[PDB]
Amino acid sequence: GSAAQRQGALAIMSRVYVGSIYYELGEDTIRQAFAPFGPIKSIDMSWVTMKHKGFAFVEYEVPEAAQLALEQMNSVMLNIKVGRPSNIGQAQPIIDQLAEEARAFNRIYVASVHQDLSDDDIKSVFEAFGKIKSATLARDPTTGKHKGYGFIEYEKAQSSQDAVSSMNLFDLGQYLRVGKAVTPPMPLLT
């Protein structure tokens, strides 16, 4: 896949269809509900009877997030149906290419991480499951503070599995959202 194609596959893989949305709910509600999985980049909710259509397309900044929201979102809110944009099929080959590639790094995604924790803490907390090759938390450029999520590459596959199975929904005051990475480190490259 070309640098551009991979950049377009990642974009689609971060989109999640949300349906059965009560008519009295707006993007702010949806946003808050899915935020646990990674900061929400944008929301595309389609609205002469200015009310909407109870479906939205939430777009995360990284596909790993979309992957988790889909696995953990089957809550009420007014019930809702989660799925994927029916056009991913056009980027499926690459998406599969990114999947195959991802399996070479015992890479894991970690969302909903408290502002006070740092790359160290997270590292500290996670190395308990195995030697950690890399441990970094995404950060805001204009600030520098982590965006509440990051990635952790383990030395051993077993280590990343133990980490995942043990930390998904781990406390404190919030619940961490963890799951295996669905993409390699530099997706647009090769």
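Here the rigid core means the biggest group of C-alpha atoms that line up within 1.5 Å when the two forms are laid on top of each other. So that there is no doubt, residue numbering starts at 1 and follows the sequence shown.
Comparing 66-74 with 29-37 in 4 other deposited structures of this protein, after superposition on the rigid core, the stretch with the greater RMS C-alpha deviation is 66-74. In the deposited entry, the stretch joining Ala99 to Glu100 is continuous, with no residue of the deposited sequence left without coordinates. Mean CA temperature factor is higher for 138-146 when stretches 138-146 and 160-168 are set side by side in the entry. Two stretches are in play, 127-135 and 62-70, and the higher mean C-alpha B-factor belongs to 127-135. Ranked within its chain, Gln174 lands in the highest third, by CA B factor from the PDB record.
Among all modelled residues in its chain, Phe34 ranks in the lowest third by Cα B-factor.
Ranked within its chain, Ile152 lands in the lowest third, by CA B factor from the PDB record. Remark: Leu78 belongs to the highest third of its chain, ranked by C-alpha B-factor as recorded. In this PDB entry, the Cα temperature factor of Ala104 sits in the middle third of its chain's modelled residues.
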